[PDB]
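Reading through the structure tokens given below for one structure.
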Amino acid sequence: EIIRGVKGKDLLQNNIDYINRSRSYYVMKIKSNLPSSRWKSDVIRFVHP
Amino acid sequence: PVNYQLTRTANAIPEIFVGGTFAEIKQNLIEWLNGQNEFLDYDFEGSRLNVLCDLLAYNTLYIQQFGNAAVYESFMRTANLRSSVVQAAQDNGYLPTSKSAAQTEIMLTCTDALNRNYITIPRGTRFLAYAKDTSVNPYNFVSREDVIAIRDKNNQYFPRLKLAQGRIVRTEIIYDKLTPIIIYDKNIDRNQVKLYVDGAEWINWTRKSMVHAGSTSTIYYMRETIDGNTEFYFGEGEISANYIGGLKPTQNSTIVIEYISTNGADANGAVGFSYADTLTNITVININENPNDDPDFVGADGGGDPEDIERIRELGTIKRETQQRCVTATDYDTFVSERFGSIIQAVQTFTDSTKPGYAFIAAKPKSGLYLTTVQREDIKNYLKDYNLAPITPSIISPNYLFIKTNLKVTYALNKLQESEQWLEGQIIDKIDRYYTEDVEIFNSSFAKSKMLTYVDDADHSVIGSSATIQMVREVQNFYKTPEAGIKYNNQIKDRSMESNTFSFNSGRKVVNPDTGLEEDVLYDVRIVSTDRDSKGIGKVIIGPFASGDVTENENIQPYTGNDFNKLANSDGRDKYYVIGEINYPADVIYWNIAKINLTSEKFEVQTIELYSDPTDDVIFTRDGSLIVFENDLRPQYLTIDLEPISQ
Amino acid sequence: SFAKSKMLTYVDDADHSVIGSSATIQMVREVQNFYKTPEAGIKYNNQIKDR
Amino acid sequence: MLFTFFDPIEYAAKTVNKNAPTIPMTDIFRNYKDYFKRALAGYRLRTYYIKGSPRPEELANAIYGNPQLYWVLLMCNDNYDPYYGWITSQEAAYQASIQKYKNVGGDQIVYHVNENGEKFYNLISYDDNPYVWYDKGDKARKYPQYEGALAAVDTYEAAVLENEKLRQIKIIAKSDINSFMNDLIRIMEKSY
Numbered sequence: 837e838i839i840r841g842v843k844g845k846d847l848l849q850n851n852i853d854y855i856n857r858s859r860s861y862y863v864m865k866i867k868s869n870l871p872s873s874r875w876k877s878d879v880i881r882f883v884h885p
Numbered sequence: 005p006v007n008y009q010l011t012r013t014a015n016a017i018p019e020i021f022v023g024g025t026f027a028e029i030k031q032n033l034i035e036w037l038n039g040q041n042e043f044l045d046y047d048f049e050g051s052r053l054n055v056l057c058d059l060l061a062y063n064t065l066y067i068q069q070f071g072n073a074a075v076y077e078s079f080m081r082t083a084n085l086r087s088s089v090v091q092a093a094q095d096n097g098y099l100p101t102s103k104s105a106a107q108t109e110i111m112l113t114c115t116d117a118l119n120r121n122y123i124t125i126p127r128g129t130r131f132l133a134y135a136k137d138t139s140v141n142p143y144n145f146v147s148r149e150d151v152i153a154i155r156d157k158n159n160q161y162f163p164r165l166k167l168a169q170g171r172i173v174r175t176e177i178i179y180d181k182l183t184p185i186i187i188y189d190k191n192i193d194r195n196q197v198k199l200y201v202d203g204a205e206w207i208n209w210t211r212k213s214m215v216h217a218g219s220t221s222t223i224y225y226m227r228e229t230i231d232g233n234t235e236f237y238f239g240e241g242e243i244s254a255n256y257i258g259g260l261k262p263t264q265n266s267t268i269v270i271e272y273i274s275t276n277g278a279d280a281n282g283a284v285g286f287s288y289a290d291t292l293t294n295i296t297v298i299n300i301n302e303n304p305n306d307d308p309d310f311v312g313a314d315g316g317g318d319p320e321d322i323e324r325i326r327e328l329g330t331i332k333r334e335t336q337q338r339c340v341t342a343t344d345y346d347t348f349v350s351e352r353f354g355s356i357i358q359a360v361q362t363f364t365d366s367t368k369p370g371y372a373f374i375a376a377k378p379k380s381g382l383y384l385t386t387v388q389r390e391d392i393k394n395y396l397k398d399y400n401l402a403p404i405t406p407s408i409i410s411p412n413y414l415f416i417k418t419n420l421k422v423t424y425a426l427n428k429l430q431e432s433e434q435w436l437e438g439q440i441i442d443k444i445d446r447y448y449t450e451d452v453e454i455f456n457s458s459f460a461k462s463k464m465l466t467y468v469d470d471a472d473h474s475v476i477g478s479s480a481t482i483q484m485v486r487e488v489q490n491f492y493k494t495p496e497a498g499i500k501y502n503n504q505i506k507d508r509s510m511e512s513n514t515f516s517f518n519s520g521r522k523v524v525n526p527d528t529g530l531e532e533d534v535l536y537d538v539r540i541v542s543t544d545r546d547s548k549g550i551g552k553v554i555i556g557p558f559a560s561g562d563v564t565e566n567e568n569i570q571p572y573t574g575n576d577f578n579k580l581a582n583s584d585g586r587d588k589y590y591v592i593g594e595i596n597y598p599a600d601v602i603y604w605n606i607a608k609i610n611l612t613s614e615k616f617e618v619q620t621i622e623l624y625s626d627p628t629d630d631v632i633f634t635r636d637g638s639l640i641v642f643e644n645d646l647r648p649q650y651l652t653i654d655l656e657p658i659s660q
Numbered sequence: 458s459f460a461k462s463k464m465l466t467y468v469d470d471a472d473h474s475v476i477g478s479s480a481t482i483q484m485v486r487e488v489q490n491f492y493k494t495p496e497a498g499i500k501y502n503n504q505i506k507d508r
Numbered sequence: 001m002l003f004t005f006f007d008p009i010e011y012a013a014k015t016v017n018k019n020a021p022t023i024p025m026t027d028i029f030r031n032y033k034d035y036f037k038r039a040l041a042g043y044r045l046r047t048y049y050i051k052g053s054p055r056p057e058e059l060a061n062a063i064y065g066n067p068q069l070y071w072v073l074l075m076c077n078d079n080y081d082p083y084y085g086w087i088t089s090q091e092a093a094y095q096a097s098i099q100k101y102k103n104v105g106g107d108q109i110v111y112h113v114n115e116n117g118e119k120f121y122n123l124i125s126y127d128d129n130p131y132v133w134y135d136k137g138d139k140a141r142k143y144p145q146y147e148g149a150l151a152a153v154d155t156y157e158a159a160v161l162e163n164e165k166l167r168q169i170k171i172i173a174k175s176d177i178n179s180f181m182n183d184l185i186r187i188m189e190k191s192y
């Protein structure tokens, strides 16, 4: 049981079901602008593990 | 493009260098000589003051090469002449593996008369191996490292070790600090070297087997000094270390280098080894198992010979993207490379999203097919030291798609010399050279027309050629196939995807003549993918069945009809059982024999070929699946007809 | 003689990437004066398949 | 022939204009300068000739050597530029001065040379003003440098001062050169 929690982030409606949706797990979200097909080649090769 | 600002350019030698065609030089000089300056007052003549112009133009066109070539081999991407290339690749931290030696791991069954526990097996332990082309002559082998054994139960040892090709040589030298210590011989794999300085150790720098966090000084350096003869030297240190650098010798020392002679790449054969062991009571019991690991084995691997110019460059610049560390998919490809290379032809490392960590590495050895083990575990360790700490590298090996040719070269009897055989083999490597050059690597397709133009290039007498073709892709576990796996990536040309062999067991007893009985191991089976239908459909069948063993129930009722689903040739009594899907348009195969619910024990060995023929002539590739043909290992499918012509 | 593979090296050399090609050949000899044939003839070598 | 000594090789130049013709070329890519360096070991204490004459580029046929060798003088000073490396005729530097500054600034004053030789570089006096020097910027003054006094070297003098300090060289003494060159070959034939 948790007491003395904290509020980290919103993501609108809060449900353990919705908060997962499809669980990302350890995937990383590049989450910047762009069509995503221009950089996707260049993030691999020069960046990223 | 769209916006003109994106034109830029690739690597471009500017118009400043380039260099003369001659007469254009004559043009520019005349305009500079006659015009803008003199308006000739020249005292030579009407013709001479003209003629003498090109007399100094040959002086230009000369000095425009002799001195202008330097800037070509000053840079890397534009240079020619190895020497400059190599020498400029060490400041990028590379070195080009001047040669290489074969390596295996053999497990010696030997034993000692003294029965003493913890028998050793010191460094050299000279062996010899035929590396078979026929039989005659050995080469040599040396273990080069240590190991240990253990006595258990019956008195025997299993001192399994690994061994390199050449012998060894040790030249001790006094360090003058004015004397650039070197070797001069055409040899000496830089991968395996020791170089003690008078005490021990000296683990150097450029190549770590450990990396020994901290440890400061005692490093040394190995580069080139062109000429093919390797340079050793030491840092700027003092040790009165002072601050940072190499420990350096002190003005006089015994510097003991030991390398491996490395006879050459001719030794790839391996196979049978002999003891040739004289140490102490060790009997050298033999029963030497060259490949005690795993599936199919080619013999030794490596052997090197110096890397080509077109190789170095690509690996020379990319190692500026890295600094001695692999954080990136393209880094593992550079770390599985001439460092650990010559044992791996191509890589394409990738990471699977569903499974975190676990960087996956596909690799094809030059020996072909699978890396076996301990040549895999070796690639494991050398990475994980430079790797990104939590994630573990793993060698999956690619998913191989071979192709079955059945081609006929139809030469002419008139113009030959060595006739058949020698031409039978001369057509092999030309085909093999086609793979190694174009389609050996990933993402590249092949065209049978391009294979035939290397076929027709055999010598002369061969005129014309042609082939059928089948794409062969062999399943590993069989009995199931993975989930949404086993895909060609090409259009399958329905009424294809033909079986292999199989077999059965059980079927009651069925005793035979002579001895007591048998298990009824005859009466094989095999799979056929039938037709197309309204859209994909098509099903597939497990194969011929007589009667008896199955579970019929309500869910099976074996039949496709006397329609397509072509028949295996035996008694076999038809009654083909439906098994799996095989959607044609998006290439997919699905089996799961458990549908008809038989026992896996009723089947013989797994790892069966299937090999549908392609629709289109050209065979594509994707998802890290190579198309590479290697003959020497598996002859099973290559068949060629020399059917001749008399004029 | 006309070799399928010897033409396919020139059609392969057309432009930088044709990524290879394939073909199937039909042998055809047009003969004037049908209805008869010259009592021996229409002989094209390299025996053709059935039907 | 103490250059060359090997072969034309062939210079492919294939990285530019593929299928370029191979042109036999005197071989200048050996890293010669190292051979000289290592071979020289033991012949050292080559004295300091001090030059003393605007000897044209080749004094080899006068002082040590003299098969018009035109080098072993080079390898001495590790000369990067065979033209402006050696000292030049006094006027040449002057001639060299103009073409250097001809584009911008005209003739100038490069530094003001305190006695004891402390250079200053874009430090400027004001006559009819305080006698203390100032930088060429911050014209509000307020930030003086070098309260003392010194004398500017303008430009011509500098180039003279700079090239004239370039006359000292090693020799090999006209004694060793034969024994030396007799070694310098041996190292070369050694590596092949």
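Residue numbers (the UniProt record's numbering), protein chains in the order written: chain A, 837 to 885; chain B, 5 to 244, 254 to 660; chain C, 458 to 508; chain D, 1 to 192. We put the CB at the ideal spot given by N, CA and C, even for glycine.
Not a single CB atom of chain B sits nearer than 9 Å to the CB of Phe36 of chain D. With fewer than 16 other beta carbons inside 10 angstroms of its own, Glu614 of chain B counts as exposed.
Legend: CB atoms of the segment 469-484 of chain B lying less than 8 Å from CB atoms of chain C belong to residues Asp469, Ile476, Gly477, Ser478 and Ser479. DSSP, reduced to helix, strand and coil, places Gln483 of chain B within a strand of the structure shown.
The C-alpha of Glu496 of chain B lies about 31 Å from the C-alpha of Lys397 of chain B.
In this model, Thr528 of chain B and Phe616 of chain B are separated by some 24 Å (Cα to Cα). Here the C-alpha atom of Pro262 of chain B lies approximately 10 Å from the C-alpha atom of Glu240 of chain B.
Here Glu42 of chain B is exposed: its Cβ has fewer than 16 other Cβ atoms, across all protein chains shown, within 10 Å. If only uninterrupted beta strand (DSSP E) runs of at least 3 residues are considered, those enclosed by the segment 463-520 of chain B are 483-485. Interface annotation for the segment 125-159 of chain B against chain D: empty, criterion Cβ-Cβ distance under 8 Å.
Residues of chain B whose Cβ lies closer than 8 Å to the Cβ of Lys463 of chain C are, in chain order, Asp469, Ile476 and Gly477.
Considering only D:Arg141, D:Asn122 and D:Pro130, the residue with the shortest C-alpha distance to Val153 of chain D is D:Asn122.
Within chain D, the residues whose beta carbon sits less than 9 Å from that of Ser87 of chain B are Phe29, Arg30 and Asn31, listed in sequence order. Secondary structure of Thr267 of chain B (DSSP, three-state): strand. Counting C-beta pairs with one atom in each stretch, the segment 86-98 of chain D and the segment 133-146 of chain D have fewer than three that are closer than 8 Å, which means they do not touch. Boundaries of the beta strand (DSSP E) around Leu167 of chain B: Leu165 to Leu167. Classified as exposed, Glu91 of chain D has fewer than 16 neighbouring CB atoms from the shown chains inside 10 Å of its CB. Runs of the beta strand (DSSP E) lying entirely within the segment 146-189 of chain B and spanning at least 3 residues, in chain order: 165-167 and 173-178. For the pair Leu465 of chain C and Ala471 of chain C, the Cα-to-Cα distance works out to about 10 Å. Excluding the 5 residues flanking it on each side, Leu132 of chain B has same chain C-beta neighbours closer than 8 Å at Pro142, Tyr143, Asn144, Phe145, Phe286, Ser287 and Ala289, in chain order.
In this chain, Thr26 of chain D is not harboured by any alpha helix (DSSP H), its DSSP state being neither H nor E.
Scanning chain C for C-beta atoms nearer than 7 Å to the C-beta of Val631 of chain B yields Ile476 and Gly477, reported in chain order. Following the DSSP letters along the chain, one finds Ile855 of chain A inside the alpha helix (DSSP H) bounded by residues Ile852 to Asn856. CA-to-CA, the gap between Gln160 of chain B and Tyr200 of chain B works out to about 34 Å. When 8 Å is used as the limit between beta carbons, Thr26 of chain D is near these residues of chain B: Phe70, in chain order.
By the criterion of a C-beta distance shorter than 8 Å, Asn400 of chain B is surrounded in its chain by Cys339, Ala372 and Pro406, once the five residues flanking it on both sides are discounted.
For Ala372 of chain B, the enclosing beta strand (DSSP E) begins and ends at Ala372 to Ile374.
Shown here for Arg486 of chain C: same chain residues with a beta carbon closer than 8 Å to its own, the five before and five after excluded, namely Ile499 and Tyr501 in chain order. Here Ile409 of chain B is not bridged, per DSSP, to any residue. Contact between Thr341 of chain B and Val883 of chain A holds, since their C-beta atoms are separated by about 7 Å, short of 8 Å.
The continuous stretches of beta strand (DSSP E) do not include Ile331 of chain B, which lies in the alpha helix (DSSP H) extending over residues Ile322 to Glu334. Residue pairing for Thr108 of chain B: DSSP places it in a beta bridge opposite B:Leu167. With a contact defined as Cβ atoms closer than 8 Å, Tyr64 of chain D and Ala173 of chain D qualify at about 6 Å. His473 of chain B sits exposed, since fewer than 16 C-beta atoms from the chains shown fall within 10 Å of its C-beta. When the alpha-carbon of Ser547 of chain B is set against those of B:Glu565, B:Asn121, B:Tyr536 and B:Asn596, the nearest one is in B:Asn596.
Taking a contact to require three or more Cβ pairs closer than 8 Å, the segment 103-113 of chain B and the segment 227-242 of chain B do not qualify as touching.
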